[PDB]
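Top to bottom, those sequences are chains B and A.
If you're matching positions, the first sequence starts at 1 in the deposited numbering and goes up one per residue.
If you're matching positions, the second sequence starts at 1 in the deposited numbering and goes up one per residue.
Backbone N, C-alpha and C fix where the C-beta goes; we use that ideal spot for every residue, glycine too.
Protein chains: 2
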Amino acid sequence: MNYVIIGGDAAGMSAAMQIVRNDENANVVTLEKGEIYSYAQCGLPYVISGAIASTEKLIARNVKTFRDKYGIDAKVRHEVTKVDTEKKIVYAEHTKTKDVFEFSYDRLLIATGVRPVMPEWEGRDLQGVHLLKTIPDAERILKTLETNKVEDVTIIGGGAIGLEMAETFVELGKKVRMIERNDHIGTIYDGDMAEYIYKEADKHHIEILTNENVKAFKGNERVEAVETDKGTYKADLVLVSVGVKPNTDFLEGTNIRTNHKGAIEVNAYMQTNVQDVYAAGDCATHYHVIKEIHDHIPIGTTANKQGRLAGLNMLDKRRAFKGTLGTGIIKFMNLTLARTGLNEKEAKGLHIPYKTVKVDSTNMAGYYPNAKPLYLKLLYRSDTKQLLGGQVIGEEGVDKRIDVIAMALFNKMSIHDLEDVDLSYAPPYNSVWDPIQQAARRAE
Amino acid sequence: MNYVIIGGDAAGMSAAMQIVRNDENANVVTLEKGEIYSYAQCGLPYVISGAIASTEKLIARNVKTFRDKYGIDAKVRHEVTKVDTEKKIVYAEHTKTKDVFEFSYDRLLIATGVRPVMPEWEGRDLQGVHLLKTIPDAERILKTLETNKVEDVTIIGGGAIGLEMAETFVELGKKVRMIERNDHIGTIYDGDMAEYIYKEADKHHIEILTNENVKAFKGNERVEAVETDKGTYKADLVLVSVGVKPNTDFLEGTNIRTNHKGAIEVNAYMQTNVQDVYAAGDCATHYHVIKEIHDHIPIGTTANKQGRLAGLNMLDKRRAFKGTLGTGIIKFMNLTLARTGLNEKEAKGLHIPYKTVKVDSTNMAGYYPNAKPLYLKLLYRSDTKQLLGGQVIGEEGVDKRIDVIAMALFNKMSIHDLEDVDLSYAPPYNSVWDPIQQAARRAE
Ligand SMILES: Cc1cc2nc3c(=O)[nH]c(=O)nc-3n(C[C@H](O)[C@H](O)[C@H](O)COP(=O)(O)OP(=O)(O)OC[C@H]3O[C@@H](n4cnc5c(N)ncnc54)[C@H](O)[C@@H]3O)c2cc1C
Ligand SMILES: Cc1cc2nc3c(=O)[nH]c(=O)nc-3n(C[C@H](O)[C@H](O)[C@H](O)COP(=O)(O)OP(=O)(O)OC[C@H]3O[C@@H](n4cnc5c(N)ncnc54)[C@H](O)[C@@H]3O)c2cc1C
Ligand SMILES: CC(C)(COP(=O)(O)OP(=O)(O)OC[C@H]1O[C@@H](n2cnc3c(N)ncnc32)[C@H](O)[C@@H]1OP(=O)(O)O)[C@@H](O)C(=O)NCCC(=O)NCCS
Ligand SMILES: CC(C)(COP(=O)(O)OP(=O)(O)OC[C@H]1O[C@@H](n2cnc3c(N)ncnc32)[C@H](O)[C@@H]1OP(=O)(O)O)[C@@H](O)C(=O)NCCC(=O)NCCS
Ligand SMILES: NC(=O)c1ccc[n+]([C@@H]2O[C@H](COP(=O)([O-])OP(=O)(O)OC[C@H]3O[C@@H](n4cnc5c(N)ncnc54)[C@H](O)[C@@H]3O)[C@@H](O)[C@H]2O)c1
Ligand SMILES: NC(=O)c1ccc[n+]([C@@H]2O[C@H](COP(=O)([O-])OP(=O)(O)OC[C@H]3O[C@@H](n4cnc5c(N)ncnc54)[C@H](O)[C@@H]3O)[C@@H](O)[C@H]2O)c1
């Protein structure tokens, strides 16, 4: 009967849809801190570039639909500040009036996602210093682009948001610099594959500063410079994209177990250790198919999967989450960057004995016009030969190959079994042996 | 030590390479009727269109390479006319001098592939009436185009070659007509998916004549008209594109078992019923993963796989062929046409209880620019839900989806298991749920 969901996006609303469809007697209350439900965070960098007309295009399902069509009591501007899991009561503040509302539950779902991290640097609050998470976040970047003379842009963090936004700011015709604490950008990539990223950014005149630590943002009313341990550089707009943190702060005091980064531990059924409390999405842990422990790889695909499952499991339609593979894909200028399963640092960290194969080949028949380079790397166990991970980088046909590799990892295939799959071939799409199959043959 | 291989292309030479690499003592004789080894039949339609410079670009490995680098005794213009399996002797006739040569073997592989069928119509032999199989075939088609004023082109048979060449002739700026014996072109496609094919052809002004039967080709020294049961049409060049027959004729009188089509029956290890005789490629049968029966789906991916395997098995490096899935992919004008596993006709013929799901979707996030329609159909067992087959049609992202479906079929996945795979998502590549997963959700 009484279902409460905290967070009105991918994981939360996937759960809501499941409950609503499979229980007519259910009273669904969803509590969202912001004013916007079910939107596509993935489209943000492409709204900022101007490729998409507006942020309005990123709304998947508006609140009126949730209320009128599905009978969900979708609350906006309700921030949850406390949960009493014993009395089964959720306490929410109104973000404007600051008045306090309570919501009784039979089953609770926490789907509060993650927020971007802003390190405690001087000048972090200066105008023109931006994090990117939400539609308003994007609009505030658009405001800085609209109302100011922006020519130099500095990005802190050479990960997923930093890479895509480097494209966006290049496309908007800015002089882009990226500052990365670690040894290379695309840190989820092995050293040898990361080289391809550095070449592409270099080619488009993106200054990459590696092993460099930001100390302060300098400026008056606005940012005008970024100070590091190695120098001070003019900046008209600073994007901070240095990772994220689970929105699980408000749970301190509930006995709900979290891992070291604050992600809520869930079992196969999206259940926490506390009775009738569930979690899903970026705020939760993600059982890893290959690592065989609970990881934290916050991503939209996983969030919808976990959200859907949490909903079903809350209805007692028992269904286990099979896990993440750590898949990820990024468009970066002319390159597509794809990975899945284990990279070399993950395999090493786990003390799993592995070997690698790397093939430089083409996306399609070498004789065909506009066949393009494809760089493909695979990891596999030394003993059993079980496929462990893949990294694919190139201009075209990269998403295809990572999806096939993901399929192989999901099914725990040996690397040599790939040789046997009847994958498709015609000249405009592949070679008579797919690059994955050629790599598999090179394997021991 | 004495290995004899009949056929110098994909299946035959894949076998040759395995033997050569894994037995330094071996005497390999390969017997090829034509003059060209290891070439890409797949690139022929794209040579004729002018997209590829010449047929030279289609040679993967030279006979000179085979002889000098690998020490294979590669024979050209050697047509095998009979085999004595008791004496272990192969009889080859030189195609020019007509001289007969004997070759004794310890182990024999037959890799003679298939040949295009020319029905016994009047006018068969008129200049400008062409089959397409070989590089000389391609050259003859170009010879007609160079020396003859070609305006109207008529293609007989609306299968794989008819489809690709219909594009090739359109691109060369010709008026193209297609005449098909049964109800629709792309007969391997279900009626409902085939609609998309005749919409694309129509769009490009390709006349499709269905349930219509060629009666004769009319003309002087050269072809000038095609005659059917329904009319007579101007044609300056006729491509006959009506299917293929195994080149196994010369084995009559041996006890080597063939299926009804004349394809040579092989066990897991590419062995025929006759001691020390092996077969591989288009001339042999193809165990079907889903049908669980020996099929005949002649294709180059399978040919190379079977060839490689025959070579290994001939060396007593025992390895079973896992089967075909009947995967096929075609570029047709602006469409990519892909299928794998069972269609409805195949499932019905086998009396496997099945159901279907069809999704009209996009290749990538619906809000992203130039996201294109994607039409996707899946068949699955009504009882176990085992995935049985897929058909995918659209302008982009089709090869990706069919490869993923192929992976699912190879691993005998249930249709709903697809929902659980961590497939890649970013906006330029996919939607947060892949079309395959959305189809899977609709399934019972
Ligand atoms: C720029 C960008 C690009 C991305 N691109 C991709 C991509 O290409 N592919 C991909 O798979 N993923 C991508 N992602 C990630 C993906 O968008 C997220 O993984 C997904 O949104 C997670 O869903 P969720 O429901 O767990 O969390 P969110 O979507 O973050 O939803 C959590 C919601 O909970 C609310 N909330 C938080 N705390 C409270 C509280 N105390 N009380 C009430 N409500 C609260 C928040 O307001 C928020 O709306 C991208 C993210 C960004 C920022
Ligand atoms: C136009 C066209 C496009 C194609 N496109 C694709 C595609 O996109 N993707 C794909 O996977 N496949 C494609 N194929 C099919 C693919 O090329 C074949 O399946 C593959 O070549 C089969 O290899 P094979 O070694 O079994 O037979 P073949 O390649 O046909 O080789 C057999 C050889 O044996 C020789 N031979 C025959 N009889 C004798 C004899 N009596 N004595 C001595 N030698 C003999 C022949 O001369 C021939 O060279 C295409 C085919 C054509 C015609
Ligand atoms: C060209 C042809 C002889 C290829 O033979 P092949 O054995 O598949 O390929 P190669 O001879 O190049 O060797 C591949 C082997 O070398 C190894 N290898 C290749 N490159 C390597 C490298 N750079 N470093 C180390 N090893 C390598 C691979 O691991 C593979 O080993 P395996 O055969 O034990 O699995 C054969 O495909 C053919 O005749 N084709 C006709 C053209 C065709 O394919 N037509 C059909 C089109 S539809
Ligand atoms: C929009 C959102 C609510 C979608 O919820 P959803 O349940 O996945 O999708 P729908 O509500 O459309 O329902 C789909 C269900 O209806 C069924 N269905 C869909 N179309 C159908 C049709 N035409 N006929 C019959 N059944 C249909 C499906 O089989 C599916 O069934 P299941 O839920 O039992 O598997 C959710 O994804 C969301 O809020 N997302 C936020 C945006 C986002 O995804 N962000 C992250 C991007 S990185
Ligand atoms: N298409 C995609 O997969 C995609 C795209 C964009 C965003 N996202 C989502 O957003 C989340 C967060 O993105 P993100 O880029 O903020 O995190 P991230 O983990 O992708 O990138 C963080 C980067 O910042 C670096 N860093 C940390 N501290 C730093 C410092 N002090 N100075 C300089 N660099 C520092 C890290 O080394 C790392 O390279 C991802 O986990 C993902 O869920 C996904
Ligand atoms: N990309 C690819 O997969 C691809 C492309 C080209 C060729 N090929 C290979 O070539 C082989 C044969 O190609 P194909 O196109 O010759 O055969 P096919 O089976 O693909 O097409 C034959 C077509 O001819 C029709 N037909 C038969 N008799 C007819 C008649 N009397 N009048 C009119 N139509 C008639 C059939 O109904 C069928 O539609 C395929 O099996 C495949 O191995 C594959």
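**Asked** CB-CB under 8 Å to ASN313/A, same chain, minus the five flanking residues each way: which ones, in chain order?
**Response** Only residues of its own chain outside the window of five on either side were considered, and among them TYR269, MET270, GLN271, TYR278 and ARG319 have a CB closer than 8 Å to the CB of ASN313/A, listed in chain order.
**Prompt:** Is it buried or exposed for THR302/A, if we count other Cβ within 10 angstroms and need 16 for buried?
**Reply:** Burial state of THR302/A is buried, judged by a 10 Å Cβ sphere holding 16 or more other Cβ atoms.
**Request:** May I have a chain-ordered list of the alpha helix (DSSP H) segments no shorter than 4 residues that lie completely inside the region 187–244 of chain B?
**Result:** You should have 191–203.
**Item:** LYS230/A versus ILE59/B - alpha carbon distance
**Value:** Distance between the alpha carbons of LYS230/A and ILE59/B: 55 Å.
**Item:** Partner residues on chain B for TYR367/A, Cβ-Cβ distance less than 8 Å
**Value:** Near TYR367/A (Cβ distances below 8 Å), the residues of chain B are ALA40, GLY43, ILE52, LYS57 and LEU58.
**Message:** Below 7 Å, is the gap between the Cβ of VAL432/B and the nearest heavy atom of ligand 3?
**Reply:** It does: the Cβ of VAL432/B is within 7 Å (strictly closer) of some heavy atom of ligand 3.
**Message:** With distance defined between alpha-carbon atoms, name the residue in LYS87/B, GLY281/B and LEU325/B nearest to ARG339/B.
**Reply:** The closest CA to that of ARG339/B, considering only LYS87/B, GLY281/B and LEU325/B, is found on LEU325/B.
**Item:** For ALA408/B, three-class secondary structure by DSSP
**Value:** The three-state secondary structure of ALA408/B, taken from DSSP, is helix.
**Reduced DSSP secondary structure (H/G/I, E/B, other) of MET178/A** = The three-state secondary structure of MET178/A, taken from DSSP, is strand.
**Item:** Chain-ordered chain B contacts of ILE393/A [CB-CB under 8 Å]
**Value:** Using a Cβ-Cβ cut-off of 8 Å, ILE393/A is close to nothing in chain B; its nearest Cβ partner there is about 13 Å away.
**Request:** Flag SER241/B as yes when its Cβ comes closer than 7 Å to any non-hydrogen atom of ligand 5, and as no otherwise.
**Result:** Correct: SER241/B has its Cβ closer than 7 Å to ligand 5.
**Prompt:** With a cut-off of 8 Å, does the C-beta of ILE135/B fall near any C-beta of chain A?
**Reply:** Judged by the 8 Å Cβ criterion, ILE135/B is not in contact with chain A.
**Request:** Take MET118/A as the anchor and find which of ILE141/A, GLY157/A, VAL150/A and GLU139/A has the nearest alpha-carbon.
**Result:** Among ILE141/A, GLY157/A, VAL150/A and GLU139/A, the Cα nearest to that of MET118/A belongs to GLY157/A.
**Message:** With a threshold of 8 Å between beta carbons, is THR65/A in contact with chain B?
**Reply:** Chain B, which has no Cβ nearer than 8 Å to the Cβ of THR65/A, makes this no.
**Asked** In three-state terms, what does DSSP make of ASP316/B?
**Response** In the three-state reduction of the DSSP assignment, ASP316/B falls in the coil class, being assigned neither a helical nor a strand state.
**Between the CA atoms of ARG115/A and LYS133/A - distance to the nearest angstrom** = Rounded to the nearest whole angstrom, the C-alpha separation of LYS133/A and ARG115/A is 7 Å.
**Message:** At a threshold of 7 Å, does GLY328/A count as lining ligand 3 (C-beta to nearest heavy atom)?
**Reply:** No, the Cβ of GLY328/A stays beyond 7 Å of every heavy atom of ligand 3.
**Asked** Can you give, in chain order, each stretch of the alpha helix (DSSP H) that sits fully within the region 387–432 of chain A and has at least 4 residues?
**Response** Here the runs fully enclosed are 398–410.
**Request:** Would you mind stating whether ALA15/A and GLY300/A have Cβ atoms separated by less than 8 Å?
**Result:** No, these two residues do not count as a Cβ contact at 8 Å.
**Item:** Burial state of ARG107/A, where buried means 16 or more other Cβ atoms lie within 10 Å
**Value:** With 16 or more other Cβ atoms within 10 Å, it is buried.
**Asked** Excluding the five sequence neighbours on either side, which residues of its own chain have a C-beta within less than 8 Å of the C-beta of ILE264/B, listed in chain order?
**Response** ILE110, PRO246, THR248, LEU251, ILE256, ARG257, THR258, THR272, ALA279, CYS283, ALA284 and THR285, listed in sequence order.
**Message:** Against chain B, does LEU325/A count as a neighbour if the rule is that its beta carbon must be under 8 Å from one of theirs?
**Reply:** Interface residue, yes.
**Message:** Among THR85/B, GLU93/B, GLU79/B and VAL29/B, whose alpha-carbon lies nearest the alpha-carbon of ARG67/B?
**Reply:** The residue with the shortest Cα to Cα distance from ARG67/B is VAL29/B.
**Continuous alpha helix (DSSP H) stretch holding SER14/B: start and end** = Per DSSP, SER14/B belongs to the alpha helix (DSSP H) from 10–22.
**Message:** Taking 7 Å as the cut-off, is the C-beta of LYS355/B nearer than that to any heavy atom in ligand 2?
**Reply:** Result no, Cβ not under 7 Å from ligand 2.
**Prompt:** For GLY300/B and chain A, any beta-carbon pair shorter than 8 Å?
**Reply:** Yes, its Cβ sits closer than 8 Å to a Cβ of chain A.
**Request:** Could you tell me which chain B residues have their CB closer than 9 Å to the CB of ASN27/A, listed as they occur along the chain?
**Result:** Neighbours of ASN27/A on chain B: none; closest Cβ ~25 Å, over 9 Å.
**Message:** Going by beta-carbon coordinates alone, are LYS331/B and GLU167/B separated by less than 8 Å?
**Reply:** Result yes, Cβ atoms of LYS331/B and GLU167/B sit closer than 8 Å.
**Asked** Is the shortest distance between the beta-carbon of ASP23/A and the beta-carbons of chain B less than 8 Å?
**Response** No, its Cβ sits nowhere closer than 8 Å to a Cβ of chain B.
**Message:** According to DSSP, is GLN306/B part of a helix, a strand, or is it coil?
**Reply:** Helix.
**Request:** Give the single residue among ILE402/B, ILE415/B, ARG401/B and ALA371/B whose Cα lies nearest to the Cα of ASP383/B.
**Result:** Residue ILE415/B is the option with its Cα nearest to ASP383/B.
**Asked** By Cβ distance, which residues of its chain are closer than 8 Å to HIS78/B, with the 5 residues on each side in sequence left out?
**Response** Closer than 8 Å at the Cβ level, and outside the excluded window around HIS78/B, lie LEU31, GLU32, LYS33, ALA92, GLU93, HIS94, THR95 and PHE101.
**Message:** What does the alpha-carbon distance come out to for the pair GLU344/B and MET413/B?
**Reply:** Separation of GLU344/B and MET413/B (C-alpha to C-alpha, rounded to the nearest whole angstrom) is 19 Å.
**Message:** Below 8 Å on the Cβ atoms is my contact criterion, and I expect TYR354/B with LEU388/B to pass it. Report the Cβ-Cβ distance as a whole number of Å.
**Reply:** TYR354/B to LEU388/B, Cβ: 6 Å. Contact.
**Asked** Excluding five sequence neighbours on each side, which residues of the same chain lie with their C-beta closer than 6 Å to the C-beta of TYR425/B?
**Response** So the qualifying residues of the chain are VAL432.
**Prompt:** Which of the three DSSP states, helix, strand or coil, is assigned to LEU145/A?
**Reply:** In the structure shown, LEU145/A falls within a helical segment according to DSSP collapsed to helix, strand and coil.
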